[PDB]
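Alright, here's a single protein chain in two forms, structure 1 and structure 2, each given by itself as structure tokens.
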Structure 1
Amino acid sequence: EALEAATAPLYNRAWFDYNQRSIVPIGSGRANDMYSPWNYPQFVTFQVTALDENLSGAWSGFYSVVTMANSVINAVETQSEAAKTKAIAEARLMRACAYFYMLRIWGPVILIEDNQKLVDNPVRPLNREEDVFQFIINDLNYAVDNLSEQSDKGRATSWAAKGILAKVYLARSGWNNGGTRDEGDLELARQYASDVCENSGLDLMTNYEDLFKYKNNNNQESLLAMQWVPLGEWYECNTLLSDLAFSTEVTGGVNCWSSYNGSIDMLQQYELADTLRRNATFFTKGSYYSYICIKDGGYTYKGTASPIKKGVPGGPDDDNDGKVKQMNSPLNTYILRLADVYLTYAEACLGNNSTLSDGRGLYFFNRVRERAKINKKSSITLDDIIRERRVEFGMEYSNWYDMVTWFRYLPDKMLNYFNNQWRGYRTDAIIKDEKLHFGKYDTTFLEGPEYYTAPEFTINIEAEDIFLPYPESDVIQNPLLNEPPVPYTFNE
């Protein structure tokens, strides 16, 4: 039971190459959560090339998770029967997560149970999307059975396993399935998600803004998160700080450079009453914050833009216990929140119906709206769920993965949706009412699209743009990355 020391880096170092940076433009930028012409716009505008350094970063990161999980699983043979099944359960959970991410970025990817290690650059084929689902599910089922129902602050539980496995079943339900969601998968998703919702004994944090404070790492709503070391050494700190934060006035002096702004389209998703989630995600004019710049009575953003609040914990003195320096944020990276399980339950209860007007699924939906301190809905559609998921998880680097899942379910719907997100548009001044307005002054406020700063190249998003390309460097090393995927031969 020094396994625990070997399974520990599965939460931090394993994910580092991914989390270092790429996680933001890919997870949140390609969803058009937010935007900058000078910080990797191409992900927002669908102009990404095979040479893109974020693709390389992300791709190595996820496979680093895979390598380490496989090292551990193997290592559990190169070294108590309950300590061992737990260790393997953690490795395979992370391995499922890494692939479930890749599956919704590239689609086909290479399925590796065995690292080889003797061969620097193995020539392995891509495996089919359905095989990648079945691999992820094999891993999650093991983690469901072999993780415990409660654990130490920061470690995985069987509730997390069930949580993920509910999202996976929901995502497979409609994937390439000819316009309908598979009822078998919908039922599987309902039962894993309702079992978490009803039996975990867990509860949403009363205040949504609390989720995103250092002092609240591994709260009861955090089912699975990247456990970053406060002021950690390289390979084990959260380096996203300087990329997220727009000005030193919100970092207690620490160096930063973010030019990201919440997108027109993203800011428009927030209902008029939904300002607790909006505030906790982006700064907008007038927005007050008691827990940032605590020394000066709190910070009030007084600009006309939409810089990122979420992932910007404030200064080292702003209840962060001094754990804030450049490229060193003390926040965990969320992977799965209980809120996500609530919405996932809901979507799985909607199923193939137009509307959902009753049941426990709608209860856990409204339960999320309840926390945002906004009005419940008496019935919901898929479009409500999409919108609720966007505002709930804005700037948590996961809205793109969901949009890919949806695109895989209703491709023409979502292509029309991607093309009506004002992608690449921006506006001089976002001003606030008594309600958000988008435009500019000109010598008096000019409102609407006509006064947006429009992109000046072609943006016509089509099916082949959605999944990103394989990183060119890897393609050169393994030419099968250009060939059709093949069926994986599963192990029994």
Structure 2
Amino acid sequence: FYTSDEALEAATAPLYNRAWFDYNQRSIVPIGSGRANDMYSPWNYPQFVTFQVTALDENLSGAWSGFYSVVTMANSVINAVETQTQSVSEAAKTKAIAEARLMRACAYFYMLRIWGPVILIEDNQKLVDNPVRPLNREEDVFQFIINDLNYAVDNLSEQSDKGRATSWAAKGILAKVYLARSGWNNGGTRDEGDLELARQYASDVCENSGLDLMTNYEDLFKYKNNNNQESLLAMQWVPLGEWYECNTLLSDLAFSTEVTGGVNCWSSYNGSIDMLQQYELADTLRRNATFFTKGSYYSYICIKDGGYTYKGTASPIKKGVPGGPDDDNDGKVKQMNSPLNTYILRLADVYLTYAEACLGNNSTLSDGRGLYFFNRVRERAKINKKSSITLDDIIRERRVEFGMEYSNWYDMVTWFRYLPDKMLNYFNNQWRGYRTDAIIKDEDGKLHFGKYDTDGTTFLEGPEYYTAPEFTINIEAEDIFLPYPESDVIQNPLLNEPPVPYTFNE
């Protein structure tokens, strides 16, 4: 019985944390980043990188559970607005429905780029009464997402409490959705109507929001800057709160207690050879903020010991590894407990989305505001602007802008649905599963890949010294979308049957 706007807001707050917990607690890493080849470990979920995932994989069931937790929580909030409010304003009621529908849209948009067809649900009771329900078609899922985002665009405000969604966030996601739909199973061209809509929504955010990119890329990934102006939407973790409200990734991302102030950790992930090669030589700011590499210095990690220099010869994760409790983290670093929010949408994504929507079906983009906003991302990274861009420039730029943010894989699926032959060739040329013992730098700061001789000091350079994977799979169309989780298929055999049309309620 919610009797004030603030009481209702307390009920919608878990849409930003608890709802996402089953996904964030584990599977976000191998699905969003691993599968894109952002990083690799031979012991932690390598199958996601090498395309050898089985239906029994715990990450599939966890992700499925997490995304459906968002959907069903959203549905519960919408129901509560309509049945449990008694002095509550229409502004607050519509804001709550809008936040619920925004999150539901985000969950379905992730699922669409993991499994493809999924079950669309607006009535939780229908699911309870009969859980054996059919999949709906990819086109239905797109329309459902669009409808939810339309409501959020119309019913969120331009400004919000810090950490809460605005209409700019909804418009930014909607731009991404239209861009993703434009080429999806569309014979190698992008629908001009969807391109136009993507441009309209993205340009509105870029030109009119009054928001800007943070001056320093590294600042985006520090806890003191949670909910900075570039953060359009993020999971809002509560490190001093309940277990289901915490960001539990700290120990799985951090490679050594030397970068956690002594807090227990166990990561064996390293940035992939392919991913590391995406950073242009001049792009050291984004590279350093994403992965540690030999000799890189961090003034803001191990602050009490004058900063931190990585002295290993691998490429462990930096993004998501905020240092120890006293590294401007207000004591909020503990085992499996990170103070960082998890980004869902940054303004730089909208900039790059606008650029890609301006490129459209042309082979190059050499003028216009889309190119300007692409070049703002370059400028913020302190590297050269480009006088013209192609889709290949956009692919590279997105990988380096969003490395270790658990987003690159979803973008790669979108591209595969547009240009499947190009992207299968791309995936097969990423050297997935290859890793190497030693990555070092020369005088000019360029990375070199190889291993040490028996003496552990004499560097041997080149691919002949890489560690090859046990198996290199030829990646094909059938490999891209993941299988439905086996336990869920047992409970609902229609997950093995064709999708059917959704009956829309609007």
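For the two forms, the rigid core is made up of the largest set of C-alpha atoms that agree within 1.5 Å on superposition. Please note that residue numbering is based on structure 1, beginning with 1 at the start of its sequence.
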For this session: Tell which of 117, 295, 376, 215, after superposing on the rigid core, has its C-alpha displaced by 2 Å or more between structures 1 and 2, please.
Result: 117
For this session: Provide the displacement, in Å, of the CA of residue 458 between structures 1 and 2, taking the core as the superposition reference.
Result: 3.8
Problem set entry | Displacement in Å of the C-alpha of residue 449 between structures 1 and 2, rigid core kept as reference | 1.7
Exercise. Where the rigid core has been superposed, how far does the Cα of residue 55 end up moving between structures 1 and 2, given in Å?
Worked result: 0.5
